[PDB]
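Each chain is listed here by its residues.
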Amino acid sequence: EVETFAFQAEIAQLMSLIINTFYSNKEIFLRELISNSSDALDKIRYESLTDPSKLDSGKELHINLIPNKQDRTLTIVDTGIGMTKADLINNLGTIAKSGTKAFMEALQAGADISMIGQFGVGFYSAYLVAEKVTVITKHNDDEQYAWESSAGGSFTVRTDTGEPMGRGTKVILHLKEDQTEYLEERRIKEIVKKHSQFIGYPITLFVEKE
Ligand SMILES: Nc1ncnc2c1ncn2[C@@H]1O[C@H](C(=O)NCCO)[C@@H](O)[C@H]1O
Ligand SMILES: [Mg+2]
């Protein structure tokens, strides 16, 4: 059972800009997704201080980076707080608490796309390198869901079964054909060292089986 939703207009406009603006410094997408994971880990860390049972779904707080050249995917996995179904729909589908409006105004007034994280919309930088993004997520208060969008103004949400996570979020980037550099181990290492070296959780780069 798949539900289809329209992005809020301003989010569709933001996505279109990210997809269509000429901008070569695409590598910042990884910093933005890792920062979102770090925020999610901070949140479950804090909540678990006063309710240790919130870690029954996994004590380890970390980030995994999983390249797969066969599938042309890069996946960013965390064991953070995760998202409920409502969280997915509100947080990824609408302006919500973000600075979407301020960012689009800023770009008209001299800002550039690398500043996207200052405005709380770094997630959408995924579309610098991905033709499709799938978000698998599990919150302690809810079942596992899959959010998906290839932009074009809509996204889908469905329940996700058969491969349960304990808790957290997986952002699966189905890369554009000319963005496969982000599957290369030396490139990923370079970007993590350059932009994410102070993140306060372990970041493990998986090795490919092929
Ligand atoms: N890795 C993640 N884990 C849990 N929640 C996440 C997440 N990445 C993004 N989110 C949620 O979705 C929001 C988000 O990025 N919305 C898109 C920008 O408006 C975050 O503020 C955050 O609430
Ligand atoms: Mg919880």
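As documented in the archive entry, the model was determined using X-ray crystallography at 1.50392199595 Å resolution.

Draft legend 1. Representation of the environment of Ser196 within the structure. Summarising the element assignment, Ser196 is placed in the loop between α5 (185–195) and β8 (203–205). Once the C-alpha coordinates of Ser196 and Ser57 are considered, the two residues, 139 residues apart in sequence, prove to be 26 Å apart. If we ignore the near neighbours within four places in the chain, the residues touching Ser196 are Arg31, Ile34, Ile191 and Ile203.

Draft legend 2. Representation of the site of ligand 1 in the model. What surrounds ligand 1 is a group of 13 residues, the closest being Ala40, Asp78, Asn91, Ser98 and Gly120. Within the side chain of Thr169, one N or O atom sits 3.4 Å away from a nitrogen atom of ligand 1. Contact with the protein chains covers 80% of the free accessible surface of ligand 1, which is 500 Å². When contributions to the shell around ligand 1 are tallied by element, the ones reaching two or more residues are α2 (28–50) and α3 (85–93).

Draft legend 3. Quick peek at the pairing of strand β7 (residues 168–175). Burial of β7 is extensive: 8 of the 8 residues sit out of reach of the surface. Residues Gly168, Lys170, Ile172 and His174 of β7 are buried on one face, and the alternating residues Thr169, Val171, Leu173 and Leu175, pointing to the opposite face, are buried as well. In this sheet, β7 lies alongside strand β3 (residues 73–78) in antiparallel orientation, the contact comprising 6 bridges. Across the sheet, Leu74 pairs through a bridge with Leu173, a residue of β7.

Draft legend 4. Main features of the nonpolar core. With 57 residues, the main nonpolar core has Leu30, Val133, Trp147 and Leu173 as its most contacted residues. Counting residues per element, this core draws most heavily on α2, at 8 residues. Not counting chain neighbours up to four residues away, the residues in contact with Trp147 comprise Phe7, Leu88, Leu92, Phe123, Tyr127, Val133, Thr134, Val135, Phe155, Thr156 and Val157.

So, how was this worked out
- Residues numbered from 1 in each chain as written, not as in the entry; some residues may be left out.
- Chains lettered and ligands numbered in written order.
- Heavy atoms only, no water.
- Residues with missing side-chain atoms left out of burial classes, pairs and counts.
- Helix = DSSP H or I, 4+ residues; strand = E, 2+ residues; numbered from the N terminus.
- Contact = heavy atoms within 4.5 Å.
- Near = heavy atom within 4 Å.
- Polar contact = N/O pair within 3.5 Å; in protein donor to acceptor, adjacent residues only side chain to side chain.
- Areas by Shrake-Rupley, 256 points an atom, 1.4 Å probe, with all protein chains shown as cover.
- Buried < 20%, exposed > 50% of the residue type's maximum accessible area, 1.4 Å probe, protein only.
- Pairing = 2+ DSSP bridges.
- Core = buried A, V, L, I, M, F, W, Y, C linked by side-chain atoms within 4.5 Å.

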